[PDB]
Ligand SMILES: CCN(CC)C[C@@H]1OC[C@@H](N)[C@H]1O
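Quick heads-up: it's one chain on its own, the form deposited without this ligand, in structure tokens.
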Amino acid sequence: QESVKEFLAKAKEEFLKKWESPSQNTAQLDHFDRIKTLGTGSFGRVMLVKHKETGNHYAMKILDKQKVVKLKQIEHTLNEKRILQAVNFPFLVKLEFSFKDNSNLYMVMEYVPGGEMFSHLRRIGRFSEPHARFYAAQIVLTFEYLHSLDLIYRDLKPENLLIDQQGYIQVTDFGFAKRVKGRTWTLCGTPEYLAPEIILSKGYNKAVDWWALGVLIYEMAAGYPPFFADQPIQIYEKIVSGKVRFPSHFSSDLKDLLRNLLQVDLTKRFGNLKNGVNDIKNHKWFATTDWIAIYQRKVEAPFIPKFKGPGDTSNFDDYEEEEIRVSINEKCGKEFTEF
């Protein structure tokens, strides 16, 4: 419909203006009080902070420049910040400030107190098909938006989907997101969610996001992923065979959609045919979905997370609390000039 075409043309106009003139240096560390570590990895952390003058809460992602260089993530971290400051969509976490200092890179995002979908899925066991469908529709619309901007996301998994105060999704972690006209080649992502053409070291495209959507829908509805095994190399063998067994409680319509998303031949995979995303939106499994109502956030959610207020951390787990050091000397200044 022309209304969808004009929505996506305006979305691309607004993205390109910010993409071509990125914002820089819009706060500093001592404008915030540190509260709690919410997550930690090999080159960065995410901490709950409070802004000292306004009182507002944020999630502050802190990346150690020297560790980013050693793990060969320079280009990826520059991608992440330039994309996040240019996008705008209901189901994407919002970047409010960014800055850098002698030691670290900082991205300050809105705080989402409901926690990760991963926690709720493991607590409940599995989601009913209507519950899984509500979350899946939000991911279909978000990928339609990102792909129209020539962006590939490349890190879909339940840990990266936060649940907000209305029970809707906010997608976080753009560490592997990239603007790609054509193909790209980097090996990245989590093993259970990787498409076959990534495992086989091929030039790949946006079709890898539609494969990962098939993995996510299967995991939401079954409680475990389709290609499960104990070591990555065993997971990879199952993925390139693409032999998928479905639980008997799955509906016939769910099995049919998953066979077309978990298609090993990328030239036959739903999302990557002539009709694009509309082969997914018009599939029988989505026949009860009101796409406009989801976008407008007018549908009542299946589940509202339990929390006490905008500073509550009870839906995140506990980590050792480490210093945020800032060296007296500048580190890696050249490499991060554009940040």
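Rigid core here is just the name for the largest C-alpha set that superposes within 1.5 Å across the two forms. Each residue number is its position in the shown sequence, starting from 1.
Exercise for review: Quick one: say whether 236 to 244 or 112 to 120 has the higher mean Cα B-factor in the deposited entry.
Suggested key: Looking at the recorded C-alpha B-factors, 236 to 244 comes out higher on average.
Review point. Given the B-factors recorded for C-alpha atoms, which segment has the greater mean, 161 to 169 or 222 to 230?
Key: Between 222 to 230 and 161 to 169, it is 222 to 230.
Check your understanding: Looking at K61, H51, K281, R297, which has the highest CA B-factor as recorded?
Key -> Top of the list by C-alpha B-factor: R297.
Review point. Taking the Cα B-factors listed in the entry, which of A301, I35, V46, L29 comes out highest?
Key: If I rank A301, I35, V46, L29 by C-alpha B-factor, first place goes to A301.
Check your understanding: Considering only modelled residues of the same chain, in which third does the CA B-factor of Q138 rank: lowest, middle or highest?
Key -> CA B-factor rank for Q138: lowest third.
Check your understanding: Hey, what third does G175 fall into on Cα B-factor, ranked over its chain?
Key -> Lowest third - that is where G175 ends up once the chain's C-alpha B-factors are sorted.
Practice item. Determine, from the deposited record, the chain-internal third of the Cα B-factor for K255: lowest, middle or highest. Key: Its C-alpha B-factor belongs to the lowest third of this chain's values.
**Study point:** Modelled-residue ranking by C-alpha temperature factor, third containing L200
**Key:** For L200, whose C-alpha B-factor we compare with every modelled residue in the chain, the answer is the highest third.
Exercise for review: Sorting the chain's modelled residues by C-alpha B-factor, tell me whether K65 ends up in the lowest, middle or highest third.
Suggested key: For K65, whose C-alpha B-factor we compare with every modelled residue in the chain, the answer is the middle third.
Here the subject shifts to the form deposited with this ligand bound, a form of this protein not shown in this document.
Point to revise | Contact residue in the deposited bound form, chosen from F97, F176, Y236, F246 - any heavy atom within 4.5 Å of this ligand | key: It is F176.
Check your understanding: Going by a heavy atom distance of 4.5 Å, is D155 a contact of this ligand in the deposited bound form?
Key -> Judged by the heavy-atom cut-off of 4.5 Å, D155 is in contact with this ligand in the deposited bound form.
Exercise for review: Report yes if any heavy atom of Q73 sits within 4.5 Å of a heavy atom of this ligand in the deposited bound form; otherwise report no.
Suggested key: Contact with this ligand, yes.
Review point. Hey, in the deposited bound form, is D209 touching this ligand, heavy atoms inside 4.5 Å?
Key: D209: no contact with this ligand in the deposited bound form.
**Study point:** Heavy atom within 4.5 Å of this ligand in the deposited bound form - qualifying residues of 127 to 142
**Key:** Residues within 4.5 Å: none.
Check your understanding: Taking the rigid core as reference, which of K52, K70, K308, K284 is displaced at the C-alpha by at least 2 Å between this form and the one not shown?
Key -> Once the cores are aligned, the residue moving by 2 Å or more is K70.
Exercise for review: Have a look at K202 and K70: in the deposited bound form, are their Cα atoms closer together or farther apart than in this form, given the change is 3 Å or more?
Suggested key: They are closer; the C-alpha distance drops by 3 Å or more in the deposited bound form.
Review point. Looking in the deposited bound form, are the Cα atoms of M60 and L71 closer together or farther apart than here, the change being 3 Å or more?
Key: Their C-alpha distance grows by at least 3 Å in the deposited bound form.
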